[PDB]
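Q: Sharing a structure, written as structure tokens. Questions coming.
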Amino acid sequence: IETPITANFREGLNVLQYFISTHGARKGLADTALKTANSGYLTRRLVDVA
Amino acid sequence: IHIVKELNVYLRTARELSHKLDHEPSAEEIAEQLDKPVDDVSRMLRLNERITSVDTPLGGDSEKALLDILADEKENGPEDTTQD
Amino acid sequence: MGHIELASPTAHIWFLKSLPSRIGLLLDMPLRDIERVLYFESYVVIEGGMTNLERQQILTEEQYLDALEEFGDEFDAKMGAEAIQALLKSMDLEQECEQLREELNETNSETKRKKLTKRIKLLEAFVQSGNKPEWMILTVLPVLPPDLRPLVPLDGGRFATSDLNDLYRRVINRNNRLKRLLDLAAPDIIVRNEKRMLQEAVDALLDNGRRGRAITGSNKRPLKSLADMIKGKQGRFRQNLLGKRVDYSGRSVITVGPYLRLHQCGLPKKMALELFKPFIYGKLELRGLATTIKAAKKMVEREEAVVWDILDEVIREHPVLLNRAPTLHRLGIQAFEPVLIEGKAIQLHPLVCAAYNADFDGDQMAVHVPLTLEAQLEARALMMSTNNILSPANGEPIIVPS
Amino acid sequence: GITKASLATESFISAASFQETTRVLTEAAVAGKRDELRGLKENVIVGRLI
Amino acid sequence: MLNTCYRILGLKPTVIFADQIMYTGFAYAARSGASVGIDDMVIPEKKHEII
Amino acid sequence: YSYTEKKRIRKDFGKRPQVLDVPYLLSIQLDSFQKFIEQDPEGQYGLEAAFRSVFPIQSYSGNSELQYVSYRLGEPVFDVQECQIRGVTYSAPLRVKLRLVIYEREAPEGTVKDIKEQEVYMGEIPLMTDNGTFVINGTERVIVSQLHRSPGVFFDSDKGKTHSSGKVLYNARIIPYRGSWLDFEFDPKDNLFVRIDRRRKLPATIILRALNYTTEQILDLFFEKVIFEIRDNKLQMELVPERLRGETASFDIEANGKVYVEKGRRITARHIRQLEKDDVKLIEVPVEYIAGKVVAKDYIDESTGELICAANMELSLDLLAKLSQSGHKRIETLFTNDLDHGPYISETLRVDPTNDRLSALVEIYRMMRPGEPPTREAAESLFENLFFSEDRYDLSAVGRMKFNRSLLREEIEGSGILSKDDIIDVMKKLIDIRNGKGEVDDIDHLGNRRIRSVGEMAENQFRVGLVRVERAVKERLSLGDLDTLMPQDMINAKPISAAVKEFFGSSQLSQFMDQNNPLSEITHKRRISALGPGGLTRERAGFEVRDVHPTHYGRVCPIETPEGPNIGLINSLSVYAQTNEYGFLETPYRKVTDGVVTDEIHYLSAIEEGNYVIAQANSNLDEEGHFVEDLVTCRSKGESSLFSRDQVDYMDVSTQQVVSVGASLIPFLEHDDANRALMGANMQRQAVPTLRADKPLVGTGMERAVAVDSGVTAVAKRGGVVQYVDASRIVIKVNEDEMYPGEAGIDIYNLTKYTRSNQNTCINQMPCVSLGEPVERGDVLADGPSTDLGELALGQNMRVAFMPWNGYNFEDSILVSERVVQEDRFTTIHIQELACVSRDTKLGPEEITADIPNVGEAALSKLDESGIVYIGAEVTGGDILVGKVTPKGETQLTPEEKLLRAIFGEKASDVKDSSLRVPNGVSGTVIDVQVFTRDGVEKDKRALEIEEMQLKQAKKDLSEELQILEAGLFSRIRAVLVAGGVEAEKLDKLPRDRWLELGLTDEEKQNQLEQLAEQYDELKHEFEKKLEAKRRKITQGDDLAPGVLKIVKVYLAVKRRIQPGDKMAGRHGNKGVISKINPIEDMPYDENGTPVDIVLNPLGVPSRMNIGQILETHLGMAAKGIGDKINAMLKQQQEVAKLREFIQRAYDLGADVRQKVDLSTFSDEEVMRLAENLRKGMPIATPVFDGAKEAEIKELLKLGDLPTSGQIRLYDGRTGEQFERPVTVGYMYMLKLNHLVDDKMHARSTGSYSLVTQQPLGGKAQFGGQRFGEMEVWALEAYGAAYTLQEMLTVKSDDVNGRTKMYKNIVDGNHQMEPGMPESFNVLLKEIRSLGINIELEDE
DNA sequence: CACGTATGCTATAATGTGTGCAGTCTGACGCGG
DNA sequence: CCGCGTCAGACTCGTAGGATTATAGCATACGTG
RNA sequence: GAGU
Ligand SMILES: [Mg+2]
């Protein structure tokens, strides 16, 4: 995102900084749930061939 | 065929009862209408109990079926076999 | 096992739909072409003695009427599974192999050489296997044993059955109706519909949602066919054969044991009491405390004070395996000497939390009992936490303070 | 590649158990193939000693 | 440290040493009394200016 | 402030005046379902809509027809309470008046033939409770609203479909509410196609031919025109200046007498404007230019009358010459351009294989019904029945509305059927988008995503039931007799009842209400789901839809959704958000006129929001003037920046409106990372109610609203004074001013005691009032399970210190003091439900007797004569609760048992043992038992005793009702008699039973006496009928499942105390598991001697970035410091004055405290009750983003005489010496989550095995083993542990003889491995052979 | 003979299906025109 | 080549049980105690 | 719904 978060946690983010943070956070968390399938499937293919 | 047709008369009668009672009828209410034994009505309704697939996965989730839970009760464990 | 005598032959869908065609590849017949023949849209020439009409050349309904008067007799062209089976029976693999090899020498283009080498290897392997092409077509249909498609009563007088039984019921009904329609000498349009019907039900039985619409239950969901039990994750291999449910296994929540030494873990008494049940009974009989197995059982149910001392005796020097999911590398399973504790959670040593990626925010672990002297030795020698420090991936210590 | 290499091993039990099981079994049935059980997969499937 | 000990001394010593290190580590961690207050999170005076 | 607030006021640190209060939180649920049942006369809604949509229907023949009149819901035969206990669904019978009308065939439309009108029953519809649940089979269930793509039009394009080319192919999709889908799309050759229900592809012009459009007309619709006049000899063209743009001039462009552009020269802006200013219309041009222009219309030779050139034909020198000489000196060709006006339809007509309309209809027909011989009838009928039939197609008002707005029409509502123009306009816009003007929508924009609540979904399934019955009706009407056949004989209730039961039952959106916590219920009912039918699937879900969309601002919480695969789909509604009338989301904003911020509020939809510039709530207002600062932070078009003050159109109402309910409860959310906050909010829902409802010190303010709105607390309907408090009930007498002149005016609330929740927790209501207290309307009378004096109390605050401790708080692990356990504050109640079913088998009926083979006297002591355990009885695993016995059939006794039973005699009896016993390791107290018997089977002695209780207790309850109602009613008549003929104690002398004969003078007060006299007799007869009903229902023999003779349900109550392995957390996403319960002697303690309750690891803060917990702790400590000062002052008993001085100063601390709380209005006693509560710790409210700032918190600590750092010197309880440095100490509000180790602990040696596979079963409830899966196997393979592996594959799993042999060996010491072959493998082979593949074992 | 299970015939004319969902995933690898 | 099709898509744990419809009305026929 |  072009506007980064200038503020920090001790100071406290405002409504809009918090909202802006959400997107990235959630993207990360969804990546845990969703992408590990594909990581693990790679592991499985490796294992099968070795 | 005899059982099926008997059961059907029990059903049609239940429908008339349900219209006027507002409520779906009990076994004994249907029996009182036919002037017949409650045991007869009950046995017939038991026969109408339709089957469930052992393979159907449980809880709206394609996780595991009935088979996955359902034991062999006749087969005792290594405990029972070793006791014999 | 049992079997069913089919009135009309039927194609094995696996050797039809599952690509490469196999049956189509072997006859050099396009798959669509085979299907038009099977579903009785059009005839196929099995042997046109008159070179005027050659082999495997499709004729529509009206095309069959023209040469009927003209050539007739000296050309045999038929329809359905019968036709294809016959075409298969009469093809001589040896001869056509040599013919195609001769053609391979003329002007072998890259893709042509691959397709021809493919059929060559098919024909070669077919003769080597001792398989016959007739067998692509089923006249006899096998029936799976009862206990592998069980019909069991639930408690309430309900019954539960396998979907296979429903699929088989369709096949039998349709096949037996076909026998009846043949006994009654029925007009050919109705015979055709029943033959198609039979093939549809067989295909559903073997592999449901393969050819077309999977036949569905009242629930909307496609019935589970034979192939579905072998195929995919829910399949036999993945689910019941490369991995298994296992006795002498338990699980609980884990918590820290800072006081523990590296080769130890906190094992709840109640958990260990169950896991080591037979060892306790055996020792009870050596002590002569328990007269019989049944007495020992009732003695452990009552959880007598002597039983605790005996349990303490057995668990000495006996390794248990701790596992945490997902088990990404081998150190996700490690062996420890158990230390019996009052309290329902397993206590894990801090330094090996790294290997497990175990953090105590509610994590759980599985416990396994190595039973045999061999397994116990494998656990203590190969799998013991003390013995396995370094990551097998990089040459670094994985037991690192954190 | 890893997938095809695993499917190319002489063992059809290893191949079938991995993936593509319908195709693997048609191939093996027609070829009349025999597995003499060299690999670990194969042994574990039959519950034998690694 | 642990690596060096493994290479020179061997397995037995390293295992004992690792346990020992764990005990003393936690022991001193607690004694230190180390905690997290809002004043530790020091800010830079040049914060508003840079921004 | 209210009377309940006088008891305990929360201190507010908020600064922003809340112009709007939080709405009723379960608004959505209730409004929706209310609309569904609400009978609307014209504008059909819910039920009414379904009837009018289907009805009136006529028969296949057309002579007989059924018409709908009106419906009515019967009152529910069993009320909620009874339904929960019995396990029945709470529903109302649906009776519908219908009129069977028949027409004569000989007369034209002889409507006066036969008209039969009557009321028919057809299904009971489940009713919604007061708090938005449904009671289905005795369990509370919530239907969660769904979110789907709005019916209408939508333009999209697969961004580089063919990856090699990467060309963007645009498509239009018309999505109706009911009907076939209609898709328009481009191909790589830029030809427009049409598809129906994604079938095969057809040229787009084919559909226009279906609508009867000739080629000429089609071109006139989509294209413009280029006219060519042929004068004298030279060719002239009619010119529009702004066509020739971005092009290369092919010939020498000149006009009258000035040459502008040369051959091969680029035509820029300047040239165009020159030409336009000069007023150029006609230009001489070369003949060779025409080659390539397509002629628009047809041209015929007037002489011959034959076609010279057909339309859409590329012109050439020959054609042109021929046309000139026939006598046509003007030629319409297609305006067309590579860049701007693309010739798509032109090229598509060339691909169109159809000619005329009929041909087009046939091809359409042949797509969807391939092979089948087309008939003209069938083609016409098909096409009309696709998108032009009222029956099968309906956009709905929402579809039409969304469609019309997307096409930039003026009229919102209109035809649900597609008109000709509608289609064309969709094609036009698609083409526009292709040219470059316009853009595609997304789907993720909330302007395109609509919310579908319960009422609309029930409406839909009800329409379906109607349609199924309609089929049956039509079929029976056709063949049916006109005279003998009654309407109700044709109707079946079952299809409708089935469809509806299936929705509230089978549907994913309908689920067991999550009720382990008031918050859990309230947020659950405020949920939105993108899953289920007509929505996404987990597999099918991408990343785009899941992630946070700019439109979510104020509508959906960005910080509330499960971390599972349901991450993007399931979502909680934002606080202030509401359902638009058409189903979109909308958020309140305060209108700003000329800088001045009015108190008028406007709810903006997603689409409307993008149009206006909206200032943030954090802008500083200039005391009812305007924005203080000249630059203001605002947003529009989904993007945020600085604006001037007068530019601002609107502003955010509340600082809370961005977040959901759950997230709002988190104080200092502003200082927490969003990840952690997500987990914190999710975990807060799992907080299990403790024994002692403790309020949270460091709250937010939302606590009160949640508790009250959830409906789990009992609140007062009408203000007045409490006449009788009790543990079981509360009777409040209403004030004269609110008290209606009809009834006595005494409200009675029976409180729901110890009841089982769905999560097996305990639901009990406690009274929170004193006897004889004056209470205001809408105050809390009784607290629910996790509420305290009206506020939400999910957990318990306690004294925490942040420091390491010997690794006992290692990775989030928690070291807690024994003190917490001793005080039993985290201890929890669990009410579990055990049932014993007595079924009828083929051999004979199972009996519930105490007479069971092999039972000890110890066991039978607790069982009564019937075989049922007594109420109150303490049980432990293995004890029998309900004795049950089953008839055993023959069993082949091994020769050994023949010999043995001959020796001992002990001939084995006919009855077995299926008794229900206590599950192993659970132990508790039997608190209630319920018995269900069928109507005919002889009742148990115990069942009779329970019915005795119920009958006599019911009589007492109803008798107290009429007694206190009679007493309150005569107390009124006593007062009315005084107004006129006052004789106070002289009237009370003779008995009250002889009172109503006394009247008054002929006035309106004499009529008031008549009203109380009529109601008193009404209540008398009503009491008779109520008691008859009660008695019937108690006698009523229950209709159970077929086969089941009788059922016994036992409710155990267990006291679960906290222990190592249990799970605890705060509201900042800080989890932990209890590792060790340390003796209080060992706990770190401060100088004063006060020991800490919990020691949390500080190493779980910086990595986590949840700093809210630190702030919470500091504010928590200050809150408690003030509490201890108040507590000290109360123990000393200084005086009211002194307490008042301190407390006033305290409330008015903050820099810009919004709420002012003057203690001068409070009377001295009110101050005493307040201080009594505040002593435990002064409760403080930190709103979400409008919270307490660091300065304010430190100021509060100074009033507590606590350090500014909030760190204190602590002493090691083991050594007695101090820790080297100060540690942060204070109160954090923590929760015990549902995850008890008790439920988690499991172990198995040997037990049942699976049916086919023969391997052990799964799950702790079935006594199952853990799975050693592929992952787990690989571990062992790697290590090379071969025997252990084989062990787990064989003796531990399938190998049958191996497992038994191994067990015997283990009992005999020798740990010998005797392995074989797993049975599952055998099965596999057999399954392959059943496939018809010969797979054989070749032995060695 | 009875009890349980089955096969059977009924006489205005009526003569080509539809229906209930499916919702469209993704990067890759082969296979007829 | 293009287009249509088929094939795969991490590992353990959990919770809870459960739902739909309708087949006429009567006379003769076959098998077991 | 729980750790990954
Ligand atoms: Mg973890």
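Residue numbers (the authors' numbering), protein chains in the order written: chain A, 755 to 804; chain B, 169 to 252; chain C, 102 to 503; chain D, 1308 to 1357; chain E, 604 to 654; chain F, 3 to 1342. Yeah, the Cβ is synthetic: ideal placement off N, Cα and C, and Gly gets one too.
So is residue 1253 of chain F in contact with chain B if we call contact Cβ pairs under 8 Å?
A: What you label residue 1253 of chain F is simply residue 1251 of the sixth sequence in a count that begins at 1. Yes - at least one Cβ of chain B is within 8 Å of the one on residue 1253 of chain F.
Q: Excluding the five sequence neighbours on either side, which residues of its own chain have a C-beta within less than 8 Å of the C-beta of residue 880 of chain F, listed in chain order?
A: Residue 880 of chain F sits at position 878 when you count from the first residue of the sixth sequence. Hits under 8 Å: 919, 920 and 922.
Q: Taking one C-beta from the stretch 217-229 of chain F and one from the stretch 322-341 of chain F each time, how about it: are there three or more such pairs within less than 8 Å?
A: Cβ pair count under 8 Å is three or more, so yes.
Q: Can you grab the Cα-Cα spacing for the pair residue 1320 of chain F / residue 103 of chain C, in whole Å?
A: Walking along the sixth sequence from the start, residue 1320 of chain F turns up at place 1318. Walking along the third sequence from the start, residue 103 of chain C turns up at place 2. Their backbone Cα atoms lie some 23 Å apart in a straight line.
Q: Starting from residue 1114 of chain F and walking both ways along the alpha helix (DSSP H), at which residues does that stretch end?
A: As a position in the sixth sequence, residue 1114 of chain F is number 1112, starting the count at 1. That run of the alpha helix (DSSP H) goes 1110-1134.
Q: Provide the residue span of the alpha helix (DSSP H) that contains residue 604 of chain F, from first to last.
A: Taking the sixth sequence and counting its residues from 1, one reaches residue 604 of chain F at position 602. No alpha helix (DSSP H) holds residue 604 of chain F; the beta strand (DSSP E) holding it covers 598-607.
Q: Is residue 462 of chain C near ligand 1, going by C-beta to nearest heavy atom under 7 Å?
A: Stepping through the third sequence from its first residue, residue 462 of chain C is reached at position 361. Yes; taking the cut-off as 7 Å, the Cβ of residue 462 of chain C has a heavy atom of ligand 1 nearer than that.
Q: Along the chain, where does the beta strand (DSSP E) that runs through residue 230 of chain F open and close?
A: Taking the first residue of the sixth sequence as 1, we reach residue 230 of chain F at position 228. From DSSP, the beta strand (DSSP E) with residue 230 of chain F extends over 228-233.
Q: Quick one: what's got a C-beta closer than 6 Å to residue 239 of chain C's C-beta in the same chain, skipping five residues either side?
A: Reading the third sequence from its first residue, position 138 is the one you call residue 239 of chain C. Only 111 and 113 meet the Cβ criterion.
Q: Find the residues of chain C that neighbour residue 1352 of chain D, judging by a C-beta separation of less than 8 Å, and give them in chain order.
A: The residue labelled residue 1352 of chain D in the question sits at position 45 within the fourth sequence. Near residue 1352 of chain D (Cβ distances below 8 Å), the residues of chain C are 338, 342 and 343.
Q: Going by C-alpha distance, which of F:570, F:595, F:559 and F:567 is nearest residue 589 of chain F?
A: The residue given as residue 589 of chain F occupies position 587 in the sixth sequence. Ranking the options by Cα distance to residue 589 of chain F, first place goes to F:559.
Q: Helix, strand or coil: which one does DSSP assign to residue 1353 of chain F?
A: Outside the shown range of chain F (3 to 1342) lies residue 1353 of chain F, about which nothing can therefore be said.
Q: Applying a beta-carbon distance threshold of less than 7 Å, which residues of chain D neighbour residue 803 of chain A?
A: Here residue 803 of chain A corresponds to residue number 49 of the first sequence, with the count starting at 1. Result: 1309, 1312 and 1313.
Q: Does the separation of the CB atoms of residue 684 of chain F and residue 515 of chain F fall below 8 Å?
A: Within the sixth sequence, the letter at position 682 stands for residue 684 of chain F. Within the sixth sequence, the letter at position 513 stands for residue 515 of chain F. No, Cβ-Cβ distance for residue 684 of chain F and residue 515 of chain F is not below 8 Å.
Q: With 8 Å set as the bound, which would you pick, yes or no: does the beta-carbon of residue 1325 of chain D sit closer than that to a beta-carbon of chain A?
A: In the fourth sequence, the residue the question calls residue 1325 of chain D occupies position 18. Yes, its Cβ sits closer than 8 Å to a Cβ of chain A.
Q: Could you say which of F:467, F:1161 and F:35 lies nearest to residue 132 of chain F if we only look at CA atoms?
A: Taking the sixth sequence and counting its residues from 1, one reaches residue 132 of chain F at position 130. The candidate whose alpha carbon is nearest that of residue 132 of chain F is F:35.
Q: Where residue 129 of chain C and residue 1332 of chain D are concerned, what is the direct C-alpha to C-alpha distance, given to the nearest angstrom?
A: The residue given as residue 129 of chain C occupies position 28 in the third sequence. The residue given as residue 1332 of chain D occupies position 25 in the fourth sequence. The straight-line gap from Cα to Cα measures roughly 21 Å.
Q: Between which two residues does the alpha helix (DSSP H) carrying residue 765 of chain A extend?
A: Position 11 of the first sequence, counting from 1, holds the residue named residue 765 of chain A. Counting along the chain, residue 765 of chain A falls outside any alpha helix (DSSP H), and DSSP gives it neither H nor E.
Q: Quick one: residues in its chain with C-beta nearer than 8 Å to the C-beta of residue 198 of chain F, no 5 flanking neighbours on either side, listed in chain order?
A: Indexing the sixth sequence from 1 puts residue 198 of chain F at position 196. Counting only Cβ-Cβ distances below 8 Å, and skipping sequence neighbours, we find 182, 183, 184, 185, 366, 369, 370 and 388.
Q: Among C:172, C:166 and C:139, which residue has its Cα nearest to the Cα of residue 153 of chain C?
A: To locate residue 153 of chain C, count along the third sequence from 1; it is residue 52. With distances taken between Cα atoms, residue 153 of chain C lies closest to C:172.
Q: Using only CA atoms, which one of F:91, F:615 and F:450 lies nearest to residue 138 of chain F?
A: The sequence position of residue 138 of chain F within the sixth sequence is 136, counting from 1. With distances taken between Cα atoms, residue 138 of chain F lies closest to F:91.
Q: What do you reckon, are the CB atoms on residue 645 of chain F and residue 615 of chain F nearer than 8 Å?
A: Reading the sixth sequence from its first residue, position 643 is the one you call residue 645 of chain F. Reading the sixth sequence from its first residue, position 613 is the one you call residue 615 of chain F. Cβ atoms of residue 645 of chain F and residue 615 of chain F: closer than 8 Å.
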